[PDB]
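sequence first, structure after, both from an experimental entry:
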Amino acid sequence: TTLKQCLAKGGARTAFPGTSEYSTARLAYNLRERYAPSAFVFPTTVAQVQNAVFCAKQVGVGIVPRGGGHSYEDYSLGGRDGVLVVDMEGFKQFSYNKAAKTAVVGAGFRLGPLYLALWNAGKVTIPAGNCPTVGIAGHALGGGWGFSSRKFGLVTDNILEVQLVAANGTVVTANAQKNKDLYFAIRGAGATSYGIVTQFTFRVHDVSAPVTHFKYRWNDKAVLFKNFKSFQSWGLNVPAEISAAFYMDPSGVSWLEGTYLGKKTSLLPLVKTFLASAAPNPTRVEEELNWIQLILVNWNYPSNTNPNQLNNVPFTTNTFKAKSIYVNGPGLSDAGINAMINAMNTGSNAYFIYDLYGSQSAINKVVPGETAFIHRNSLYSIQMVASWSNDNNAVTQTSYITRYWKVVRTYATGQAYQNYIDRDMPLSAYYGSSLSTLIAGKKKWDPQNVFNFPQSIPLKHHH
Ligand SMILES: *Cc1cc2c(nc3c(=O)[nH]c(=O)nc-3n2C[C@H](O)[C@H](O)[C@H](O)COP(=O)(O)OP(=O)(O)OC[C@H]2O[C@@H](n3cnc4c(N)ncnc43)[C@H](O)[C@@H]2O)c(*)c1C
Ligand SMILES: *[C@@H]1O[C@H](CO)[C@@H](O)[C@H](O)[C@H]1NC(C)=O
């Protein structure tokens with residue numbers, strides 16, 4: 001019996017090659033690897049997930065869940081041709097428990113709508129990223145750094161429990177008591193490898209007070225070293241109430257953007273040392289806001305925008321290769337900064353973002369060895385993105401960004417951030433000291449490797 005027949009028993013919506021439903025379901029944030037799945041199935045009940053997992057084993061196809069579809073390597077179209085993609089769009093369950101300070105979120109939510117739901121419900125938030133079309137599933141399972149993360153942690157740190165359909169079909173619950181091994185794996189290594197997460201229970205945070213957004217911006221190739229050195233020096237002493245990220249690109253633009261959890265009249269002592277050592281005359285924008293306004297400002301919408309915009313942020317696409325790396329304190333040497341900026345300037349149509357971690361952050365204050373997310377001792381992470389609109393530049397842009405990564409590697413660590421997934425990173429760089437434990441758990445919960453992709457947790461230990 002075929003795949004069409006098996007999935008019709010479950011009753012979920014499907015889409016199969018050659019149809020227009022299948023063509024529009026192929027949308028992905030990165031359009032570089034236009035992987036062609038066997039079929040798309042759109043579950044709305046747990047049993048329909050169980051059907052898809054059963055049906056893929058019976059027909060002998062691969063299967064991956066898809067949330068928001070932002071995977072930088074297209075792993076949510078499978079990472080190869082001929083996979084059953086289980087698009088979790090129908091899991092939008094929501095509920096907020098004010099007393100427990102917890103929220104139940106379905107694995108098909110997007111960051112935009114989730115922010116709105118959580119604000120309307122009780123003026124609370126999870127510390128997620130700033131791209132509103134990003135699905136909570138991939139984001140939370142791989143880490144998740146946002147502009148409140150230095151106070152409240154990573155999204156992954158605020159997972160209290162998950163429920164997933166396992167490879168053998170059982171509906172499983174993982175939390176600090178039930179199934180600790182699986183609960184450990186999914187906070188950091190949860191993408192695809194251990195099954196299909198259907199819902200999260202998040203620890204949520206009060207953001208009813210006013211916050212302050214700030215951004216200092218330049219457009220001058222000559223001040224890049226100075227502005228970046230001042231960011232590093234400043235970065236080492238930022239208290240947890242600020243989360244900030246630095247931006248740089250080959251056209252000469254540089255900026256510092258951040259969010260202070262506090263009143264705007266308290267801000268200047270906290271950003272004074274950055275401005276003093278940065279170049280003069282920064283484009284200065286400081287604004288006091290409530291939380292939903294901040295989410296909008298952080299995605300280039302003016303603060304007067306209707307909050308309901310978050311339910312309908314347009315899904316945009318790119319075609320790019322992306323790499324990441326971590327940098328430990330006190331940062332890159334002065335030679336490393338020059339080497340980095342020079343490498344960057346040999347190219348164009350690329351951008352580089354530096355999310356601040358640091359020793360004051362909730363992120364680095366976790367006890368090591370209690371999650372699959374291991375990057376608890378860096379100053380910041382570097383996101384490296386090189387884009388193209390014409391396929392003739394794909395080789396030059398991919399070599400450009402890979403050279404850049406090698407230049408910086410001399411001056412930094414060999415770890416990288418798994419939400420900026422990169423097919424050319426060894427798994428040791430994502431999981432390090434916790435990889436053995438992840439592989440043991442992979443053997444236990446999926447011995448047949450039903451759930452795999454080019455960077456899924458393997459079944460074979462390193463000797
Ligand atoms: C496109 C995009 C990505 C961003 C942006 N900004 C970020 C930010 O401000 N902070 C960050 O920490 N990260 C940012 N990123 C990167 C994202 O964090 C990652 O791209 C996320 O991993 C994306 O998650 P998602 O939208 O769900 O993408 P998918 O491609 O659907 O899935 C990724 C990965 O996870 C597996 N998976 C998905 N769904 C499940 C479920 N339900 N259960 C188990 N496993 C799941 C997929 O199979 C795949 O492997 C800004 C922008 C614009
Ligand atoms: C699936 O595996 C889990 C853990 O190994 C087990 O508890 C459950 O009973 C299994 N279900 C089956 C084999 O149907």
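That came in fine, so what should we check first? Numbering: from 1, shown residues only. Ligands and ions are numbered 1, 2, ... in the order given.

part of a strand, is residue 459?
No. If the criterion is DSSP: H, G, I helix; E, B strand; the rest coil, then residue 459 is coil and not within a strand.

shouldn't it be in contact with residue 439?
Yes. Between residue 459 and residue 439 a contact is recorded at 7.0 Å, counting by CB atoms under 8 Å. Backbone N, C-alpha and C define where each C-beta goes, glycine included.

quick one: which of these two has more around it?
Summary of the neighbour comparison: residue 459 and residue 439, criterion other CB atoms under 10 Å, with residue 439 having more neighbours (20 against 13).

wait, doesn't that one sit right on residue 460?
Yes. The pair residue 439 / residue 460 is scored as a contact, 7.5 Å apart, by CB under 8 Å.

isn't residue 242 up against residue 260?
Yes. Using CB under 8 Å, residue 242 and residue 260 qualify as a contacting pair, with a distance of 5.0 Å.

which residues do the two both contact?
residue 270 (CB atoms under 8 Å, 6 or more residues apart in numbering).

show me the domain layout of this structure.
The chain resolves into domains spanning 1-209+427-463, 210-426 when parsed by curated CATH domains.

return the most buried member of those.
Looking across the domains of the chain with neighbours counted as mean count of other CB atoms under 10 Å, the highest average goes to domain 1-209+427-463: a mean of 20.

for the stretch 151-300 of the chain, what lies in contact range of ligand 2?
The interface of the stretch 151-300 of the chain toward ligand 2, taken as CB under 6 Å from any ligand atom, is made up of 166, 168-170.

any idea how far the nearest residue to residue 290 once chain neighbours are set aside lies from residue 356?
Using CB to CB, 6 or more residues apart in numbering and skipping residues adjacent in sequence, the residue nearest residue 290 is residue 210, 6.2 Å away. The spacing between residue 210 and residue 356, counted by CB to CB, to the nearest Å, is 22 Å.

same check on residue 391?
35 Å.

what's the answer for residue 241, then?
Here the criterion is CB to CB. By it, residue 241 lies 12 Å from residue 356.

any residues in contact with both of the two?
Taking CB under 8 Å, 6+ apart as the contact definition, residue 241 and residue 356 share the neighbouring residues residue 150.

my guess is residue 353 contacts residue 383. True?
Yes. Using CB under 8 Å, residue 353 is in contact with residue 383, at 4.4 Å.

can you tell me the SS state at the residue in the stretch 51-200 of the chain that ligand 2 sits nearest to?
Closest residue of the stretch 51-200 of the chain to ligand 2, CB to the nearest ligand atom: residue 168 (3.8 Å). Residue 168 carries the three-state label coil when classified by three-state DSSP.

and it, what does it touch?
Going by CB under 8 Å, 6+ apart, residue 168 touches no other residue.

how far away is it from ligand 1?
In this structure, residue 168 and ligand 1 are 16 Å apart, going by CB to the nearest ligand atom, to the nearest Å.

what's the closest non-adjacent residue to residue 21?
By the measure of CB to CB, 6+ apart, the closest residue to residue 21 outside its immediate chain neighbours is residue 15, 3.7 Å from it.

same check, this time on residue 262
Counting by CB to CB, 6+ apart, the residue nearest residue 262 is residue 241, at 5.4 Å.

try residue 72
Closest residue to residue 72 apart from its sequence neighbours, by CB to CB, 6+ apart: residue 322 at 4.5 Å.

do residue 277 as well
residue 230 (3.7 Å).

what about stretch 288-295, near ligand 1?
No. Counting by CB under 6 Å from any ligand atom, no contacts exist between stretch 288-295 and ligand 1, the nearest distance being 11.5 Å.

just the terminal-to-terminal distance for stretch 384-391.
This stretch, stretch 384-391, spans 19 Å end to end (CA to CA, to the nearest Å).

now that stretch: how far from the chain's centre is it?
Here stretch 384-391 shows a centroid-to-chain-centroid distance of 20 Å under the convention CA atoms, centre = their mean, to the nearest Å.

can you list contacts of it?
Residues from elsewhere that reach stretch 384-391 (CB under 8 Å, 6+ apart): 318-325, 347, 349-353, 394, 397-398, 400-401, 404-405.

three-state assignment of the residue nearest to residue 277?
The three-state label given to residue 230 by three-state DSSP is helix.

tell me how far it lies from residue 279.
Where residue 279 is concerned, residue 230 sits at a distance of 8 Å (CB to CB).

ok, the nearest residue to residue 90 once chain neighbours are set aside - contacts?
On the basis of CB to CB, 6+ apart, the spatially nearest residue to residue 90 that is not a chain neighbour turns out to be residue 44, at 3.6 Å. For residue 44, the contact set (CB under 8 Å, 6+ apart) comprises 12, 90-91.

helix, strand or coil for residue 96?
Secondary structure, three-state DSSP: residue 96 is strand.

where do the strands sit along the stretch 251-400 of the chain?
Chain-ordered strands for the stretch 251-400 of the chain, with DSSP state E, counting those that start in this stretch as the definition, fall at 253-260, 283-289, 320-327, 350-356, 380-387.

the stretch 51-200 of the chain too?
Counting by DSSP E, counting those that start in this stretch, the segments of the stretch 51-200 of the chain that form strands are 62-66, 83-87, 94-97, 102-106, 124-125, 159-165, 171-175, 196-203.

quick one: residue 328 from residue 419, how far?
As defined by CB to CB, residue 328 lies at a distance of 19 Å from residue 419.

how about the residues of the stretch 1-150 of the chain by ligand 1?
Along the stretch 1-150 of the chain, the residues adjacent to ligand 1 under the rule CB under 6 Å from any ligand atom are 29, 64-72, 75-76, 88, 107, 129-131, 134-135, 137-139, 141-146.

just checking, residue 165 touches residue 198?
Yes. In this structure, residue 165 sits in contact with residue 198. The criterion is CB under 8 Å, and the distance is 6.5 Å.
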